[PDB]
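Asker: below is the sequence, then the experimental coordinates.
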Amino acid sequence: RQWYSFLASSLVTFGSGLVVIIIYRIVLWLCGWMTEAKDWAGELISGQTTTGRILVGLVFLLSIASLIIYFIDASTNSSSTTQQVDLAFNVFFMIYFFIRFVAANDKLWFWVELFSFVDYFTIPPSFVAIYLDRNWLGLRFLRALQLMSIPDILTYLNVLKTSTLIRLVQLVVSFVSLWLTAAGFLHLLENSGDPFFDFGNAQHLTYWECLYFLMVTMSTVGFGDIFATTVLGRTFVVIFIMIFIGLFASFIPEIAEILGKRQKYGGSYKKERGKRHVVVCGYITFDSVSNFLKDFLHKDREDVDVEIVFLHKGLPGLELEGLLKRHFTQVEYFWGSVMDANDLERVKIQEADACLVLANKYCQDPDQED
Amino acid sequence: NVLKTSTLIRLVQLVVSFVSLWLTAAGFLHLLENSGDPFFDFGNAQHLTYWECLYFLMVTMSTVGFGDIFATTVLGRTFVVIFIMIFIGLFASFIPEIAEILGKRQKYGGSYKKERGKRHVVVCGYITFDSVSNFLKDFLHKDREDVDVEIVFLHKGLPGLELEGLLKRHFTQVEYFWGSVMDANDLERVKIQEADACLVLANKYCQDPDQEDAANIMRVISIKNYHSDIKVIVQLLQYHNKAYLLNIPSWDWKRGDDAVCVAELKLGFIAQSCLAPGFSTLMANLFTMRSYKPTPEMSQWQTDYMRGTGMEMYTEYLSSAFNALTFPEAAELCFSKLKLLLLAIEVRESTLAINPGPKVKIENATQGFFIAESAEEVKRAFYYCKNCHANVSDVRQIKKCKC
Ligand SMILES: [Ca+2]
Ligand SMILES: [K+]
Ligand SMILES: [K+]
Ligand SMILES: [K+]
Ligand SMILES: [K+]
Ligand SMILES: [K+]
Ligand SMILES: [Mg+2]
Ligand SMILES: [Mg+2]
């Protein structure tokens, strides 16, 4: 029954501000403190002031609290605790919306920025909810998109130090925020039912069934234990298929690539209480190591407990990794180079018995090798 | 003539080919399933809508295959088999090529919107996370006096993620644009008609320094062809290439056009250590912004050295209290009272005099050159009171209330 009142509250608040901006632009086309305010608000939202650094943290955390209130409203079922706290958070988001409005260079491109729509589709409906005594579930899920600010927060802080960690956190949080958002959108359409059929054609899916069904479809598994049946939910599933198969099929391999590109022979040589060790470096390969070890560890030598510690800037090939495992009790291998003082400390070379520097006897040029 | 470029041609071909084949195949399945099969006297049939067929073809060509809808006539099933063999290839090749074309778009296009009374500096040439971070931490350093200068990077490339993070940390005072100083349209975008200066950074670690110098000389030629009177500061790797830009028709050191020749400077700092051992270190530390900051792990010789590294070169107007002192008296005053080391003065055309003898007086409004920990420390020499208002010499108390 009442849904159009909540929807109208977002459309009139969007449209009226857009009209005011167009009128103001045409008036000043035909016919200082504000720059200090712009740059102050800019330093706030950029996290350059301490008050900014906070405000940004509070906007993030309260957006998560608002999202969790939406999950509770979606897993359940104006005098209620949930409508009260989510209204309080909406008032806080409205203050932050004005701070971005001040900070922005162009008011028109600001009034069409993505988070301005998240605000239009949430603050006005949250006022209407208490006014009409009706906790409408509505577009509130869109707050999940505020998760997508995490790479900016972790960049306004110096914590996200490397290009691969930046790319990793961007991929994961982009995926999760879009998946949570699209699940809320399908949940709205299927539980609404279609307007062309007077909302009679509808399904009572939970949010969690929609979240599962979107994972099952974007992976292209498509069990069909759950499926959309409204014409809006089916046209949404068609649009979702054209977009999110591309996302899943590109994101999951790039996550697997970043998680695969990790040093497996990092860490440090733990010097045993009374044993000697020899560091070995330079040309380290299955051919050099096998010929070295079969002479060094040969049974015709007297029995002496010397550990061999290979140090090399590379991953072992599978043949060498097998050979290292056959000598596990007396041979150890570390990623690194004798050119770094940190790697020399790892191999514990202060208290090695000797260091052996092996040469590539079959290099293209012996002076570069020497 | 509207579809102007090869990628827009390919884009519109892919989209409309896909949509027309998908709409056509949906009509074909709708005919077969609602017809029913002729072998069974049309008794085996389904009353699908066209829209259910259009949906079912999308659900099958994407390989999702819910099976909420499926074909049941032998003709509709053999059509679905033929459709699967053809359209899986189309979907799996078209959707990535659409995503590629939509991805290959300039993200740092657009134009510098010149704020009403702020200055800006254009920066170009070798722009990378390594060059930009080292540049910005000296340019925006807190030991300099507070001035609102915007930095506008112009470069023919997309920022790496490290540089894009650095640009976002300086969002209030640093902006970046895709483009080259070789294009008059890009020079207009960066608004270089009303920039304060243009800085042309060099790749000091290029495979060949003459190709790098030739590129940077062409950039100055381009910048000054667009507007002669912009101050250009350029980094050069070789001294003999400096002759080429001295011969540009519109290059003028009297406007402050300036070629920072890395080889000229490097070897002259080294020559100075041949005359006064270690002076290369004294003088090189003096020309980058650093602030002292002890640590408990630091040995006492390192604390002395590091306290010295915290000082750099500054310029200020000497206060009226210095007028008609000899230079030695002004230097004694600055040191013994103000804790400031006065090296030199710009004598009124004008000429720079370093440690001049008793024969020169300080004029009115003389620029002096100082060594100090920060610009805000040197401002004591400008605020320095009449002797009546600065007898106490607890130097933090020197301030603009001199009268
Ligand atoms: Ca300093
Ligand atoms: K599949
Ligand atoms: K499937
Ligand atoms: K399936
Ligand atoms: K199925
Ligand atoms: K099924
Ligand atoms: Mg061991
Ligand atoms: Mg600006």
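Answerer: Thanks, I have the structure now. Numbers count the residues shown, from 1 in each chain, chains lettered A, B, ... in the order given. Ligands and ions are numbered 1, 2, ... in the order given.

Asker: residues from chain B in reach of chain A?
Answerer: B:51, B:55, B:58-59, B:62-68, B:95-96, B:99, B:113, B:115-118, B:160-162, B:165, B:168-169, B:171-172 (CB under 8 Å from any CB of the partner chain). For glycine as for every other residue, the C-beta is placed from the backbone atoms N, C-alpha and C.

Asker: separate out the buried members of these.
Answerer: Buried members of these, scored by 16 or more other CB atoms under 10 Å in any protein chain shown, are B:55, B:58-59, B:62-66, B:68, B:95, B:161-162, B:165, B:168-169, B:171-172.

Asker: in helices, which of the residues you listed fall?
Answerer: B:55, B:58, B:59, B:95, B:161, B:162, B:165, B:168, B:169 (DSSP state H).

Asker: what about the residue lying closest to residue A:49 once chain neighbours are set aside, which helix or strand?
Answerer: Spatial nearest neighbour of residue A:49, excluding adjacent residues (CB to CB, 6 or more residues apart in numbering or on different chains): residue A:43 at 5.2 Å. Residue A:43 belongs to helix A:33-45 when assigned by DSSP states H and E.

Asker: tell me the buried residues in that helix?
Answerer: In helix A:33-45, counting by 16+ other CB under 10 Å, buried: A:38, A:39, A:40, A:41, A:42, A:43, A:44, A:45.

Asker: if we can go back for a sec, ok, and which of the residues of chain B next to chain A reach ligand 2?
Answerer: residue B:63 (CB under 5 Å from the ion).

Asker: just the strands in the chain please.
Answerer: Just so you know, I chose chain A. Counting by DSSP state E, one finds strands in chain A at the ranges A:276-282, A:306-312, A:331-335, A:354-358.

Asker: actually it's chain B I care about, not the one you picked
Answerer: In chain order, chain B shows strands spanning B:119-125, B:149-155, B:174-178, B:197-201, B:232-236, B:258-261, B:312-317, B:341-347, B:351-354, B:367-372, with DSSP E as the criterion.

Asker: as JSON lines, the ones you listed with distance to ligand 4 would be great.
Answerer: As requested, the strands of chain B are exported to JSON lines (distance: least, CB to the ion, whole Å):
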{"stretch": "strand B:119-125", "distance to ligand 4": "54"}
{"stretch": "strand B:149-155", "distance to ligand 4": "48"}
{"stretch": "strand B:174-178", "distance to ligand 4": "44"}
{"stretch": "strand B:197-201", "distance to ligand 4": "56"}
{"stretch": "strand B:232-236", "distance to ligand 4": "61"}
{"stretch": "strand B:258-261", "distance to ligand 4": "66"}
{"stretch": "strand B:312-317", "distance to ligand 4": "69"}
{"stretch": "strand B:341-347", "distance to ligand 4": "80"}
{"stretch": "strand B:351-354", "distance to ligand 4": "81"}
{"stretch": "strand B:367-372", "distance to ligand 4": "74"}
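
Asker: nearest to ligand 1, of those?
Answerer: Nearest to ligand 1, of all the strands of chain B, is strand B:312-317, at 5.1 Å by CB to the ion.

Asker: give the pairing partners of that closest one; include direction for each.
Answerer: If you go by DSSP bridges, strand B:312-317 pairs up with strand B:367-372 (antiparallel).

Asker: which residues sit against the strand it pairs with?
Answerer: Contact with strand B:367-372 is made by B:286, B:311-318, B:330, B:334, B:339-346, B:352, B:378, B:381, as judged by CB atoms under 8 Å, 6 or more residues apart in numbering or on different chains.

Asker: near ligand 6, which residues of the stretch 51-200 of chain B? Just list them.
Answerer: residue B:67.

Asker: and the closest residue to residue A:213 other than its chain neighbours, what does it touch?
Answerer: Spatially, and ignoring its direct neighbours in sequence, residue A:213 is nearest to residue A:226 (4.5 Å; CB to CB, 6+ apart). Contact analysis of residue A:226 by CB under 8 Å, 6+ apart lists A:205, A:209, A:212, A:213, A:216.

Asker: closest one to chain B out of the residues you listed, please.
Answerer: residue A:216 (8.6 Å; CB to the nearest CB).

Asker: surely that closest one meets residue A:222?
Answerer: Yes: Residue A:216 lies in contact with residue A:222 (CB atoms under 8 Å); the separation is 6.3 Å.

Asker: neighbour-wise, which of those two wins?
Answerer: Applying other CB atoms under 10 Å in any protein chain shown to residue A:216 and residue A:222 shows that residue A:222 carries more neighbours, namely 21 against 18.

Asker: phi first, then psi, for that one.
Answerer: Main-chain dihedrals, residue A:222, degrees, to the nearest 10: phi 60, psi 70.

Asker: so it versus residue B:66, what's the distance?
Answerer: 5 Å (CB to CB, to the nearest Å).

Asker: and residue B:51, by the same measure?
Answerer: 15 Å.

Asker: ok, residue B:175 next?
Answerer: Residue B:175 is 49 Å from residue B:66, by CB to CB.

Asker: please apply the same query to residue B:275.
Answerer: For residue B:275, the distance to residue B:66 - CB to CB - is 85 Å.

Asker: for residue A:335, same thing?
Answerer: In terms of CB to CB, residue A:335 sits 48 Å off from residue B:66.
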